[PDB]
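Asks: experimental coordinates for this protein are included below, preceded by the sequence.
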Amino acid sequence: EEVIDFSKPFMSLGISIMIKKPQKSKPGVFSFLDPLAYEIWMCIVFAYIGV
Amino acid sequence: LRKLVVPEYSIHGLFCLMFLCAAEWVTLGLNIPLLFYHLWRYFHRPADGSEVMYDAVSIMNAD
């Protein structure tokens, strides 16, 4: 701008983050526990013990 | 009394295990000393017989 003259921006932008699209993750061993949180499983174990 | 001792110690051990898994450190610290006392009491048999925690012959002693 010190040596030329600009116009008002015709397109405003900024820095941003590019990532690879999340894919269907390869199922993990012990993915059969995913429907319930770990805390539920531990409470189940200790309720079994207590009962 | 002999038939009734193991449940107490093992249930207290269950308490200790539960508080370990839950990561409740303070209560586990408060409970470890009694755990070790029970362990020592059960596995020492200070009585010379060393066959039962309470022995009818050794029992009836005032001490």
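Replies: Thanks, I have the structure now. Numbering: from 1, shown residues only, chains lettered A, B, ... in the order given.
Asks: quick one: the residue most central in space within chain A from residue B:59, how far?
Replies: Closest to where the C-alpha atoms of chain A average out (Cα atoms, centre = their mean) is residue A:22, at 8.8 Å. Per Cβ to Cβ, to the nearest Å, residue A:22 is found 71 Å from residue B:59. Heads up, the C-betas are built off the backbone N, CA and C, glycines and all.
Asks: got it, and residue B:23?
Replies: 42 Å.
Asks: more neighbours: these two, which one.
Replies: Remark: of residue B:23 and residue B:59, residue B:59 carries more neighbours, 10 against 7, as counted by other Cβ atoms under 10 Å in any protein chain shown.
Asks: phi, psi for residue 24 please.
Replies: Looking at chain A here, since you left the chain open. Phi and psi for residue A:24, reported as degrees, to the nearest 10, are phi -60, psi 110.
Asks: try chain B instead
Replies: According to degrees, to the nearest 10, residue B:24 has phi -110, psi 90.
Asks: and it, how many neighbours?
Replies: Around residue B:24 there are 13 residues (other Cβ under 10 Å).
Asks: one more: residue B:5?
Replies: Applying other Cβ under 10 Å, we find 14 residues neighbouring residue B:5.
Asks: that one touches residue B:42, doesn't it?
Replies: Yes: at 7.4 Å, residue B:5 counts as touching residue B:42 under the criterion of Cβ atoms under 8 Å.
Asks: now for the two: what residues contact both?
Replies: Jointly contacting residue B:5 and residue B:42 under the rule Cβ atoms under 8 Å, 6 or more residues apart in numbering or on different chains are residue B:53.
Asks: right, and chain B sits closest to which residue of chain A?
Replies: residue A:46 (5.8 Å; Cβ to the nearest Cβ).
Asks: which residues sit against the helix or strand hosting that residue?
Replies: Using DSSP states H and E, residue A:46 maps to helix A:38-50. Under the contact criterion Cβ under 8 Å, 6+ apart, helix A:38-50 has outside partners A:33, B:14, B:18, B:21-22.
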